[PDB]
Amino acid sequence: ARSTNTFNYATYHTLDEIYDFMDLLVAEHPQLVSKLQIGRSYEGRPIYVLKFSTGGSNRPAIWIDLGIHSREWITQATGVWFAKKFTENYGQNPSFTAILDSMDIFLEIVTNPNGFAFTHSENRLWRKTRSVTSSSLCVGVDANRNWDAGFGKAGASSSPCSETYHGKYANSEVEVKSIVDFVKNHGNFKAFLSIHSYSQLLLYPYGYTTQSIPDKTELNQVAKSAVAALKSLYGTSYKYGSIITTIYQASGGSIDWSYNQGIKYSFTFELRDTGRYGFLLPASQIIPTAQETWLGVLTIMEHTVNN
């Protein structure tokens, strides 16, 4: 509340809280974290990215977004945890410090602020954005299906009322477009990670095509290692593979797009529980999830700095 050491990482928070948390963090470690606004949500809410850097001009960076799907609260929770973790581990953890000394980290905790606010105010299970209009009384698009990666292909719905509505056109959603422009403009992103929320999977590109990525051998081993690392804390078991192969076909996905942009280390993480609690994960599981997930993330980051 008053400082980042007082903030309760063991509970779920509102939009305001996370935003306030953002400012505390920047106030406390001004030389390491900066708060950037890459856009405004459909309902005009600021879209913020927290930039962790030790200097340099335009260093190779790591992209990390959480809460694209509003109801997946564990991700926003894990998001805030990571942010504090970055400030804590710099200069203490030999490996993490090595990473920050050479690369920057872009962390977007609340990728979909409108839906997030909605999950607090009216429907806890809301997952889409809150954009309106058309020949429909239904609101929102599935932000993870609005990307220009086999956009509109099988694995997404053209029906606005649908939970997996892809939107009118690729990048129609500001929350999405804001990232695209940011990342395209930066031009030196090396890794791109998108965090979900439930089923315990480590996925790597192509949800939209059966086509195998050229870097499949390498991506597969990294995922193997990441999953191995993650399970070392509490023995949480994750499955890994390509999207289409492990789950099902999905078009307009975040990770397919990033990979197509030449960002090789494109992985999607699906926390935490395999259905017992689902999207309504007990707050008591926040830390543990954050802790383990971090191990898998750092694994991937280490690979990145090394290749």
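Counting begins at 1, following the sequence as shown.
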**Report entry** 23 to 31 or 253 to 261, whichever carries the higher mean Cα B-factor
**Finding:** 23 to 31
Report task. Could you check which stretch, 81 to 89 or 118 to 126, carries the larger mean CA temperature factor in the entry? Result -> 118 to 126
Report task. Would you mind finding, among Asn185, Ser197, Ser212, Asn146, the residue with the largest C-alpha temperature factor in the entry? Result -> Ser212
Query raised in the report: Whose CA atom has the top B-factor in the entry, of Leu201, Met103, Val139, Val110?
Result: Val139
Query - Entry-reported Cα temperature factor of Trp73, expressed as the chain third it lands in - result: lowest
Report summary line: So, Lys153's CA B-factor, relative to its chain, sits in which third? The highest
Requested in this report: Rank-wise, by C-alpha B-factor, drop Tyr42 into the lowest, middle or highest third of its chain.
Outcome: lowest
Query - Chain-wide C-alpha B factor ranking for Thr268, given as lowest, middle or highest third - result: lowest
Query raised in the report: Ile247: which third of its chain by C-alpha temperature factor?
Result: highest
